[PDB]
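One chain follows as structure tokens, the form deposited in one PDB entry.
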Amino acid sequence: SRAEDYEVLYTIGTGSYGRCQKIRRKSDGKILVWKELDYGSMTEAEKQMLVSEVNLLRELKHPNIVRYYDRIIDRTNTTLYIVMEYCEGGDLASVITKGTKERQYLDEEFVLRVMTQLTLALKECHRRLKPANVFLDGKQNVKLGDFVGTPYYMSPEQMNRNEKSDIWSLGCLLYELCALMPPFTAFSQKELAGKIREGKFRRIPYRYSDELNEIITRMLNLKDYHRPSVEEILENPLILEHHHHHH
């Protein structure tokens, strides 16, 4: 409830809203993180918005969604700390970078794990997305977290004016995991939007099964109503028990 109940171990990374720090909970020694949000220049209406968003994250409990634990206020520095689960395997952006630099494609079994567990995370989100926002724990489990950049994962419909848009994004992510590059690449957003609207891309590398290529390709269909639902994804014969989470 107070920042003094935790000890900062070190800064994991400085993100958009502030730092992500690895912390230790004094009571039991539990390793967590917290995100540092400088609410200094808010904004009573904005602060109410933030409190409500924090509430609904407080209620999002799922093995494939980064767990919320606590929120702490420290007026001495205009900083709100969001205490969350620590994912010791890091984010997927780093996995993709490691693959690119070491010129080593990822195992199809890993891609099926990501597909399975992120589809389940999305199922929960729809009930109740890029490599940097997807984390691995220590037991092979996958957890969904949360102007200069290129919207590589932007779907055609969301580019004109939708849970199927999430399916398109997941397709882009799985494709990038397989090919170590996004399906649509360009140097300007006009070129990128053109490529996205045409919906053509290279097959994922041939070391990946036709079945995996087929489901990712379906997720990348230009028409949202042709992309598979979460339910249709999880029905795929590729997806087995061992691809799900395990405590």
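Think of the rigid core as the biggest set of C-alphas that the two forms share within 1.5 Å after superposition. Heads up: residue numbers just count along the shown sequence, starting at 1.
- Note: missing coordinates for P237 occur in none of the other compared entries bracketing this position, so the one-third threshold is not reached.
- Modelling of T14 is complete across the other compared entries in which both of its neighbours are modelled; not even a third of them leave it out.
- Where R161 is followed by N162 in the displayed chain, the model omits 1 to 3 of the deposited residues that sit between the two.
- Per the record, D146 and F147 are separated by a gap of 10 or more residues from the deposited sequence that were not modelled.
- Taking only CA atoms, the mean B-factor in the PDB entry is higher for 147-155 than for the other of 110-118 and 147-155.
- Relative to its counterpart among 232-240 and 18-26, 18-26 has the higher mean temperature factor, C-alpha atoms as listed in the PDB entry.
- Set against one another, the Cα B-factors of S169, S94, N141, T76 in the record reach their highest point at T76.
- Across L222, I204, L50, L32, the greatest Cα temperature factor reported in the deposited entry is at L50.
- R218: CA B factor in the lowest third of modelled residues in this chain (values from the PDB entry).
- Looking at the C-alpha B-factors along this chain, the one for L80 belongs to the highest third.
- Per-chain ranking of the deposited C-alpha B factor places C178 in the lowest third.
- Sort the modelled residues of the chain by CA B factor and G194 lands in the middle third.
- Sort the modelled residues of the chain by CA B factor and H245 lands in the lowest third.
What follows is about the form deposited in another entry, which we do not show.
- Only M154, out of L112, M154, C87, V83, shows a C-alpha shift of 2 Å or more between this form and the one not shown on alignment of the rigid core.
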